[PDB]
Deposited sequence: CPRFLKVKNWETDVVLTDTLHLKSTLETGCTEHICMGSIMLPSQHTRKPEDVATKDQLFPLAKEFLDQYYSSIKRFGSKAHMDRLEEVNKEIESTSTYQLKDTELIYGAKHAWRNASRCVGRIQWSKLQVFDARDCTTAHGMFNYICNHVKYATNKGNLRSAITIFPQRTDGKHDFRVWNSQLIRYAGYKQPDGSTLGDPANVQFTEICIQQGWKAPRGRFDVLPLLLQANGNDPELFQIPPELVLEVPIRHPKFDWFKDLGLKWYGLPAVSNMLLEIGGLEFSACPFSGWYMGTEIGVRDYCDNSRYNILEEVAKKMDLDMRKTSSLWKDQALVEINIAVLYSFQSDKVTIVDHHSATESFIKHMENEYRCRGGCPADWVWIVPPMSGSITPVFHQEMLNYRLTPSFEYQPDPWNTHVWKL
């Protein structure tokens, strides 16, 4: 019940007790493990006070006033307000705590050593999509900080009945457009083709190129969403060059500096924040491995092998591997020379081992998803490959949610 995890590179063993406080279900059973399944699987008052109480007991245990009068009266207060409204409202201090701990609990995030340095932007007074555009722009400008990136989250009003939802329809605040072609191939980013089409359906006029930043599709209070274009001066981009290969520029590649996930759901004390865009800084491999070399993404291993002069007829020449390293040396090199914050997969995985140590020490554990923590290249030469990890679901949490254009009781 009080399980051990080993590192098979350093022989370090650590004991996990945190998993006892785990609440939600993982998808695994005693007879089947779903640890590699990507997405395994309205609320009433009777369900809502337990979740409220559990969250408040840990918040007040955190500020070292567990059981004081201020705790007891807040308990009473929220119970009464859930009696009164069949929902409730978080204190500002509770929102910041809940948001910081949703990140802390995010078992798929290798970056969590930073979890206590999160800037929280309270957007619960927002009422319109223009208001959301304005809040989001302020978030982008703050988090970018001239390339000295800063972690931030903006939190729009919580779900009420369920038909009044605030939603950012984009999967990230800043993504490149995806257009198919007459010849069937694809320009830009194939991941976003169905989303790019929706933007044009709502009247986006597309500069049908490669690295065309997409417009925001913001839905406020369950209303049909509206398009807004981020001031291009606010979208910071890094041109990608190699520190040896001068033909690299002719590839004409760039990426955006701000990774900002906008499609997930923030759960705190039982309340559900359906729009909660959050940003940090990139680990290089997200760009250089997945974005650039996934077969169903930009898929550029072809032309980097070509302009490197490689044995491309033989699978066993490892020409794919060798081009993959050069691409990631360049992504890193270009961000660094521009003073735009980026972390390499060696530094980031070392920090997560160090973070894990602190979590077992002063928290009794750290939920971690090995399938997602291990980088998507050079896995075993980073220390997280050799680190056993336990995955379990703690709350506050970030959860997946359906794409809104499948939920929306649209009125057009």
query: Segments lacking C-alpha coordinates (deposited sequence numbering, starting at 1); finding: 1-2, 44-51
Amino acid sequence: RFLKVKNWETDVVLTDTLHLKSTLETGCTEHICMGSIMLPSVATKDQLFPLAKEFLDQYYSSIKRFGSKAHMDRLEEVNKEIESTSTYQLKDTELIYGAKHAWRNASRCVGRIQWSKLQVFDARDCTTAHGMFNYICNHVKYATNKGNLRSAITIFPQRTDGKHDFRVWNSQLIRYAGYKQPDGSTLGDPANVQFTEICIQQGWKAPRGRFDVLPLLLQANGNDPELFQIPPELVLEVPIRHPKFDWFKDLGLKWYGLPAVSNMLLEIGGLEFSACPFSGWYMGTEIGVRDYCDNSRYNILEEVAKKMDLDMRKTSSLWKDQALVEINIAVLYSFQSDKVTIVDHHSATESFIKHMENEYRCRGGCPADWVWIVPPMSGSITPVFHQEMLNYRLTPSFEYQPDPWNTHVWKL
From here on, numbers count along this sequence of modelled residues.
{"query": "Other compared entries missing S41, a third or more", "finding": "yes"}
{"query": "Residue stretch of maximal mean CA temperature factor, 252-260 vs 134-142", "finding": "252-260"}
{"query": "Mean C-alpha B-factor comparison - 317-325 and 151-159, higher one", "finding": "317-325"}
{"query": "Options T127, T85, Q119, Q219 - largest CA temperature factor per the record", "finding": "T85"}
{"query": "Candidate residues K91, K339, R175, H101, the one whose C-alpha B factor the record puts highest", "finding": "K339"}
{"query": "For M308, the third of its chain into which the C-alpha B factor falls", "finding": "highest"}
{"query": "CA B-factor placement of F55, once the chain's modelled residues are sorted into thirds", "finding": "middle"}
{"query": "Where the record places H71 (Cα B-factor, split into thirds across the chain)", "finding": "highest"}
{"query": "Lowest, middle or highest third - CA B-factor, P40", "finding": "highest"}
{"query": "Third of the chain's Cα B-factor distribution that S107 belongs to, per the entry", "finding": "lowest"}
